[PDB]
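Student: There's a structure below that I have some questions on.
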Amino acid sequence: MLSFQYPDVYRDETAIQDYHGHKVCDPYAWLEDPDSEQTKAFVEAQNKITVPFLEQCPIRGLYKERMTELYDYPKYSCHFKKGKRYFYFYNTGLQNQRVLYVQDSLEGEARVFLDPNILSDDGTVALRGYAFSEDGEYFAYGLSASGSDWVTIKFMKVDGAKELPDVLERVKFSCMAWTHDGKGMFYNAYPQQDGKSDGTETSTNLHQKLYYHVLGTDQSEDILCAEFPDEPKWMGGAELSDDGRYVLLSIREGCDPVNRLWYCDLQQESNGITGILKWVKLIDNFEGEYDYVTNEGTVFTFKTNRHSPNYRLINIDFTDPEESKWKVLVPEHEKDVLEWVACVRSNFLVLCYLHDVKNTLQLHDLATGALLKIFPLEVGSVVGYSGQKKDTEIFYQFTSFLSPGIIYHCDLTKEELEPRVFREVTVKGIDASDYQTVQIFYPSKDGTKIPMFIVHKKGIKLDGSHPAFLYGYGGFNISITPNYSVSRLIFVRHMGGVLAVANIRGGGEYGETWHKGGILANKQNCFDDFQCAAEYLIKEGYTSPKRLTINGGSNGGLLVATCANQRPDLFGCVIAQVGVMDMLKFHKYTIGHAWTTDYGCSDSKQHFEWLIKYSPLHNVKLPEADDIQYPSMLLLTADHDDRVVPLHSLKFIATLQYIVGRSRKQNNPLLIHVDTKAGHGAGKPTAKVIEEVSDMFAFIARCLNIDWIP
Ligand SMILES: *[C@](O)(CO)[C@@H]1CCCN1C(=O)[C@@H]1CCC=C1C(=O)NCc1ccccc1
């Protein structure tokens, strides 16, 4: 099968670093420089063998045509009201970017408000963040180029959709919050740095500042409102209270769901916003999360995890702020995670729970916390919502494995609340009733029961004959909940596949204890959980190792890369997207310093000892048994991935090809594809998304010799 040879790649054998007495060799350290001729030649040589491999089999074309056909369905966000007008996002089917529409009433004719498609030939300029002024008359929006986290904020007057002159540069990981006087907007920016700031650089991002931009002025005139020069990793994001009276500052350091919470009573500023604000340090530590829900005068309602791993709602009165005085408005549930909370129609709260990895949605009274209404939902996820304090109605969007889903509307001025289907779209080509989703709970190595969703054609024999696609993430308190994926359903219908999603530790599915169960010293739980998921699928007859594919992205790319090293015998195929591979150096680049709350940091002797054991880059090793080789592997990355700098995948594939790819017994390919004008994944145009899934499933089809089923 291997009709190509791996490129020559220089090994710098002098690259030796001491980590607490452990010598680590890093012969591909030079691939850390994205700008060198050496690195560019490496990328070109790798793509030169990967692309013809992927495109040799007719199956890529059949997949791509079927993806193009089935992905072509209308896609809407929830309606949301701002001031006098309604807005929603909409893609007719195959537009590169969804388009923002405005209408003057729910029954009124809609018109294009902001169309990102006209900003590039190839749809690689994408909306990233936006905020309307309190009165709905002005609009700020972030644009990112080529998938980079870097943002340029531009502005529009809503009436007439008029471009304004204001442009804000050096924006990254930014809040956008307008003061209610409509004078201007808070946002974050980074100090100048040497070299590039376009998504191709690896430079660390430190000293993020909070600024205020007065509409109608140059950026050079913006007011510095908060900075933390003694704490270069702190990130202070601003929002206005619902009554416009307070600026709330949430300071983060790292990725843990915790924040300091400072406030500024704007009425108490000596002369409006003119410099560093008179911050009152209400919560001045990182012991808990405090997510603002609403306030009534000085009584502030927050979603918190303080003393409550599954989250709860508390009231903190700013005039009596000590923790012993806080009121518990909605107590923590013993098992279900309070995922998010919104305040709507003055005195309702909308609460969204995660119950065994499925969403529920409930209306509660603001004053007492009492449950008033359950909004009935099928099993799946709530993935969109609108309705803020002043609004008198809600929209919410539901999705699941087997249907694109439904947008509901509920008029909250009615005595008897009755949600109605507002929009529903059918995907002709996939009959949902041919398939089923089951949820099982399998024991991991230590006996912990892990949830797994399995999706497959009805009536299949569990004889181990089926190809399977097993997906995981396992980190950063992120819950992996049901979602509609055309690309995965084509695998099921046209490749005869079984789909599986394992809810491994590290995620947020069972609250903070689930998260803590897959971080730091215990990160190996994630890999154990995921290996156990594969073993369960095999034992129960859904699949066999030779027909099993695993996939994950980012922290999920680490997951699958590590599982390949640790259990090469368990998997036939591995696709690792935009993965963190160098666990010893991840913290040196761009925003990687923020992930040490999940992983630890190699500067620490204790953390190094955890990290060295599973770092994919440092654990490539020929399997001992003559009958065992590495699975076929595909790494996907891109040249403007400034979230997880591509050096991770570059160094990892060089190592795989040298240590494993050169052995006689290795016949499974070990490949990387590096895309151009693309980044970590957010804002990826439709055309690239289609090419990407076509690459992935063609890879699977070719490595496992799977026949297309028309
Ligand atoms: C991927 O897993 C997912 O994109 C990468 C690699 C490890 C974690 N990760 C992230 O993107 C983390 C997960 C959740 C948010 C992340 C992040 O780095 N966000 C940027 C950011 C913004 C504000 C404060 C801290 C970090």
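Naming works like this for the structure tokens: A, B, ... for the chains as they're shown, residue 1 at the start of each chain, ligands 1 onward in shown order.
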Please identify every residue of chain A that has at least one atom no farther than 10 Å from an atom of ligand 1, counting only C-alpha atoms and all ligand atoms, and for each give the shortest atom pair and the distance in Å to one decimal, arranged by chain then increasing number, as a Markdown table.

Tutor:
| residue | atom | partner | partner_atom_place_in_ligand_line | distance |
| --- | --- | --- | --- | --- |
| A:149 | CA | ligand 1 | 20 (C) | 8.5 |
| A:172 | CA | ligand 1 | 22 (C) | 8.4 |
| A:173 | CA | ligand 1 | 22 (C) | 5.0 |
| A:174 | CA | ligand 1 | 23 (C) | 7.9 |
| A:175 | CA | ligand 1 | 23 (C) | 9.6 |
| A:233 | CA | ligand 1 | 25 (C) | 8.9 |
| A:234 | CA | ligand 1 | 24 (C) | 8.5 |
| A:235 | CA | ligand 1 | 24 (C) | 6.6 |
| A:236 | CA | ligand 1 | 24 (C) | 9.1 |
| A:237 | CA | ligand 1 | 23 (C) | 8.9 |
| A:251 | CA | ligand 1 | 24 (C) | 9.0 |
| A:252 | CA | ligand 1 | 24 (C) | 6.2 |
| A:253 | CA | ligand 1 | 25 (C) | 6.7 |
| A:254 | CA | ligand 1 | 25 (C) | 5.2 |
| A:255 | CA | ligand 1 | 25 (C) | 5.2 |
| A:256 | CA | ligand 1 | 25 (C) | 8.6 |
| A:257 | CA | ligand 1 | 14 (C) | 9.9 |
| A:473 | CA | ligand 1 | 2 (O) | 7.6 |
| A:474 | CA | ligand 1 | 2 (O) | 8.9 |
| A:475 | CA | ligand 1 | 2 (O) | 7.4 |
| A:476 | CA | ligand 1 | 13 (C) | 5.6 |
| A:477 | CA | ligand 1 | 14 (C) | 8.2 |
| A:478 | CA | ligand 1 | 14 (C) | 7.4 |
| A:552 | CA | ligand 1 | 2 (O) | 9.1 |
| A:553 | CA | ligand 1 | 2 (O) | 6.5 |
| A:554 | CA | ligand 1 | 1 (C) | 3.6 |
| A:555 | CA | ligand 1 | 2 (O) | 3.5 |
| A:556 | CA | ligand 1 | 2 (O) | 6.2 |
| A:557 | CA | ligand 1 | 2 (O) | 7.7 |
| A:558 | CA | ligand 1 | 2 (O) | 8.3 |
| A:559 | CA | ligand 1 | 2 (O) | 9.7 |
| A:577 | CA | ligand 1 | 1 (C) | 9.6 |
| A:578 | CA | ligand 1 | 1 (C) | 7.7 |
| A:579 | CA | ligand 1 | 6 (C) | 7.0 |
| A:580 | CA | ligand 1 | 6 (C) | 6.0 |
| A:581 | CA | ligand 1 | 6 (C) | 9.8 |
| A:586 | CA | ligand 1 | 6 (C) | 9.0 |
| A:590 | CA | ligand 1 | 18 (O) | 9.2 |
| A:591 | CA | ligand 1 | 18 (O) | 5.9 |
| A:592 | CA | ligand 1 | 18 (O) | 6.5 |
| A:593 | CA | ligand 1 | 18 (O) | 8.4 |
| A:594 | CA | ligand 1 | 25 (C) | 5.3 |
| A:595 | CA | ligand 1 | 8 (C) | 5.8 |
| A:596 | CA | ligand 1 | 7 (C) | 9.2 |
| A:597 | CA | ligand 1 | 8 (C) | 9.9 |
| A:598 | CA | ligand 1 | 8 (C) | 8.3 |
| A:599 | CA | ligand 1 | 7 (C) | 8.9 |
| A:641 | CA | ligand 1 | 4 (O) | 9.9 |
| A:642 | CA | ligand 1 | 11 (O) | 9.9 |
| A:643 | CA | ligand 1 | 11 (O) | 6.1 |
| A:644 | CA | ligand 1 | 6 (C) | 6.0 |
| A:645 | CA | ligand 1 | 6 (C) | 9.6 |
| A:680 | CA | ligand 1 | 4 (O) | 6.8 |
| A:681 | CA | ligand 1 | 4 (O) | 8.2 |
| A:682 | CA | ligand 1 | 4 (O) | 8.8 |

Student: With a distance cut-off of 8 Å and only C-alpha atoms, select the neighbouring residues of residue 436 in chain A, excluding the residue or stretch itself and same-chain residues fewer than 5 positions from it, and output the selection as JSON, numbers by chain.

Tutor: {"A": [455, 456, 457, 458]}

Student: Could you tell me how far CA of residue 351 in chain A sits from CA of residue 371 in chain A, in Å to one decimal place?

Tutor: 9.5 Å

Student: Between A:308, A:368, A:388, A:513, single out the one closest to residue 294 in chain A, counting only C-alpha atoms.

Tutor: A:388

Student: Let's see if you can do this: from backbone DSSP, list all alpha helix (DSSP H) residues in range 464-574 of chain A, as a VMD selection string.

Tutor: chain A and resid 486 to 495 511 to 516 524 to 539 555 to 566

Student: Write a file of the just-selected residues containing N, CA and C atoms, as a tab-separated table (two decimals), in the first residue's frame.

Tutor:
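Contents of the output file result35.tsv:
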chain	number	residue	atom	x	y	z
A	486	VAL	N	-23.70	15.81	9.75
A	486	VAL	CA	-23.89	15.19	8.43
A	486	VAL	C	-22.71	14.28	8.11
A	487	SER	N	-21.49	14.74	8.39
A	487	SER	CA	-20.25	14.04	7.99
A	487	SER	C	-20.16	12.69	8.69
A	488	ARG	N	-20.51	12.66	9.98
A	488	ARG	CA	-20.53	11.40	10.70
A	488	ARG	C	-21.67	10.49	10.27
A	489	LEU	N	-22.84	11.05	9.95
A	489	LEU	CA	-23.95	10.23	9.43
A	489	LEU	C	-23.66	9.61	8.04
A	490	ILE	N	-22.86	10.26	7.21
A	490	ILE	CA	-22.46	9.64	5.94
A	490	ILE	C	-21.58	8.39	6.22
A	491	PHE	N	-20.71	8.48	7.22
A	491	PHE	CA	-19.92	7.33	7.65
A	491	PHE	C	-20.82	6.16	8.02
A	492	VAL	N	-21.88	6.46	8.79
A	492	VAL	CA	-22.86	5.45	9.16
A	492	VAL	C	-23.57	4.90	7.94
A	493	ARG	N	-24.22	5.76	7.16
A	493	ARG	CA	-25.10	5.32	6.07
A	493	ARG	C	-24.34	4.79	4.87
A	494	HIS	N	-23.30	5.49	4.44
A	494	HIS	CA	-22.60	5.13	3.20
A	494	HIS	C	-21.26	4.39	3.38
A	495	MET	N	-20.79	4.25	4.62
A	495	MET	CA	-19.62	3.42	4.90
A	495	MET	C	-19.93	2.30	5.89
A	511	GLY	N	-19.82	17.70	36.34
A	511	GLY	CA	-19.41	18.84	37.16
A	511	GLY	C	-17.93	18.87	37.45
A	512	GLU	N	-17.55	19.60	38.49
A	512	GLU	CA	-16.14	19.85	38.68
A	512	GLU	C	-15.39	18.57	39.07
A	513	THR	N	-16.05	17.61	39.71
A	513	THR	CA	-15.33	16.38	40.12
A	513	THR	C	-15.01	15.53	38.88
A	514	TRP	N	-15.83	15.65	37.83
A	514	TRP	CA	-15.53	14.97	36.57
A	514	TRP	C	-14.32	15.64	35.91
A	515	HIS	N	-14.32	16.98	35.94
A	515	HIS	CA	-13.20	17.75	35.40
A	515	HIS	C	-11.90	17.42	36.13
A	516	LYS	N	-11.91	17.54	37.47
A	516	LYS	CA	-10.71	17.22	38.25
A	516	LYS	C	-10.23	15.77	38.13
A	524	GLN	N	-3.93	10.78	33.16
A	524	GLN	CA	-3.93	9.42	32.60
A	524	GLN	C	-5.35	8.77	32.65
A	525	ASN	N	-6.19	9.19	33.62
A	525	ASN	CA	-7.61	8.75	33.61
A	525	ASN	C	-8.29	8.96	32.28
A	526	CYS	N	-8.03	10.10	31.63
A	526	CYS	CA	-8.61	10.36	30.32
A	526	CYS	C	-8.24	9.25	29.35
A	527	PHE	N	-6.94	8.91	29.29
A	527	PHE	CA	-6.48	7.92	28.30
A	527	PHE	C	-7.01	6.54	28.65
A	528	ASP	N	-7.02	6.21	29.94
A	528	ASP	CA	-7.60	4.96	30.44
A	528	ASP	C	-9.10	4.83	30.09
A	529	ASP	N	-9.85	5.91	30.34
A	529	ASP	CA	-11.27	5.94	30.01
A	529	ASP	C	-11.52	5.65	28.52
A	530	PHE	N	-10.77	6.34	27.65
A	530	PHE	CA	-10.96	6.25	26.21
A	530	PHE	C	-10.55	4.85	25.66
A	531	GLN	N	-9.45	4.29	26.18
A	531	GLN	CA	-9.05	2.93	25.84
A	531	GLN	C	-10.10	1.91	26.27
A	532	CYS	N	-10.66	2.10	27.47
A	532	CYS	CA	-11.78	1.29	27.93
A	532	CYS	C	-13.03	1.40	27.06
A	533	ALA	N	-13.30	2.59	26.51
A	533	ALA	CA	-14.40	2.76	25.58
A	533	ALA	C	-14.19	1.90	24.34
A	534	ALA	N	-12.98	1.94	23.77
A	534	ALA	CA	-12.65	1.10	22.60
A	534	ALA	C	-12.80	-0.40	22.92
A	535	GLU	N	-12.25	-0.82	24.06
A	535	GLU	CA	-12.41	-2.22	24.53
A	535	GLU	C	-13.89	-2.63	24.68
A	536	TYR	N	-14.72	-1.72	25.16
A	536	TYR	CA	-16.15	-2.00	25.31
A	536	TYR	C	-16.79	-2.23	23.93
A	537	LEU	N	-16.54	-1.31	23.01
A	537	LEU	CA	-17.04	-1.46	21.64
A	537	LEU	C	-16.63	-2.81	21.00
A	538	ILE	N	-15.38	-3.23	21.24
A	538	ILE	CA	-14.86	-4.49	20.71
A	538	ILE	C	-15.53	-5.68	21.41
A	539	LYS	N	-15.56	-5.65	22.75
A	539	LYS	CA	-16.07	-6.78	23.53
A	539	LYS	C	-17.54	-7.03	23.24
A	555	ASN	N	-7.20	19.36	22.60
A	555	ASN	CA	-6.99	18.45	23.72
A	555	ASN	C	-7.42	17.01	23.34
A	556	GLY	N	-8.41	16.89	22.44
A	556	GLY	CA	-8.80	15.58	21.88
A	556	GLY	C	-7.76	15.00	20.93
A	557	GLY	N	-6.93	15.87	20.35
A	557	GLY	CA	-5.85	15.42	19.45
A	557	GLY	C	-4.75	14.81	20.30
A	558	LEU	N	-4.47	15.44	21.45
A	558	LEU	CA	-3.60	14.82	22.48
A	558	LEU	C	-4.16	13.44	22.89
A	559	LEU	N	-5.46	13.40	23.19
A	559	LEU	CA	-6.10	12.15	23.60
A	559	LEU	C	-5.80	11.00	22.63
A	560	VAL	N	-6.12	11.16	21.35
A	560	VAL	CA	-5.93	10.07	20.36
A	560	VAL	C	-4.45	9.75	20.06
A	561	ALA	N	-3.58	10.77	20.09
A	561	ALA	CA	-2.13	10.58	19.86
A	561	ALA	C	-1.53	9.74	20.96
A	562	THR	N	-1.91	10.07	22.20
A	562	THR	CA	-1.46	9.32	23.35
A	562	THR	C	-1.97	7.90	23.31
A	563	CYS	N	-3.25	7.72	22.95
A	563	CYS	CA	-3.82	6.35	22.87
A	563	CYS	C	-3.14	5.48	21.81
A	564	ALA	N	-2.72	6.11	20.73
A	564	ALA	CA	-1.93	5.44	19.69
A	564	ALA	C	-0.58	4.92	20.21
A	565	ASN	N	0.15	5.74	20.95
A	565	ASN	CA	1.39	5.34	21.63
A	565	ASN	C	1.20	4.24	22.64
A	566	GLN	N	0.15	4.37	23.45
A	566	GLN	CA	-0.08	3.51	24.61
A	566	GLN	C	-0.72	2.19	24.24

Student: Can you tell me which residues surround residue 15 in chain A at a distance of at most 9 Å, considering only C-alpha atoms, apart from same-chain residues fewer than 3 positions away, and format the answer as a list in words?

Tutor: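 Residues near the query, excluding close chain neighbours: residues 11, 12, 24, 25, 26, 27, 28 and 29 of chain A.
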
Student: Could you write out the selected residues, including C-alpha atoms, as a PDB file, in the first residue's frame?

Tutor:
ATOM      1  CA  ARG A  11      17.703  15.564  13.184  1.00  0.00           C
ATOM      2  CA  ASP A  12      19.497  18.076  15.370  1.00  0.00           C
ATOM      3  CA  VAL A  24      15.322  15.230  26.847  1.00  0.00           C
ATOM      4  CA  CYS A  25      16.512  15.179  23.198  1.00  0.00           C
ATOM      5  CA  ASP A  26      14.477  17.395  20.792  1.00  0.00           C
ATOM      6  CA  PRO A  27      15.982  16.743  17.321  1.00  0.00           C
ATOM      7  CA  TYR A  28      13.070  18.476  15.549  1.00  0.00           C
ATOM      8  CA  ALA A  29      13.156  21.700  17.686  1.00  0.00           C
TER       9      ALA A  29
END

Student: Could you give me, as a ChimeraX atom specification, the residues within 6 Å of range 419-429 of chain A, counting only C-alpha atoms and dropping anything in the same chain fewer than 4 positions from it?

Tutor: /A:406-410

Student: Could you tell me how far CA of residue 4 in chain A lies from CA of residue 687 in chain A, in Å and to one decimal?

Tutor: 27.9 Å
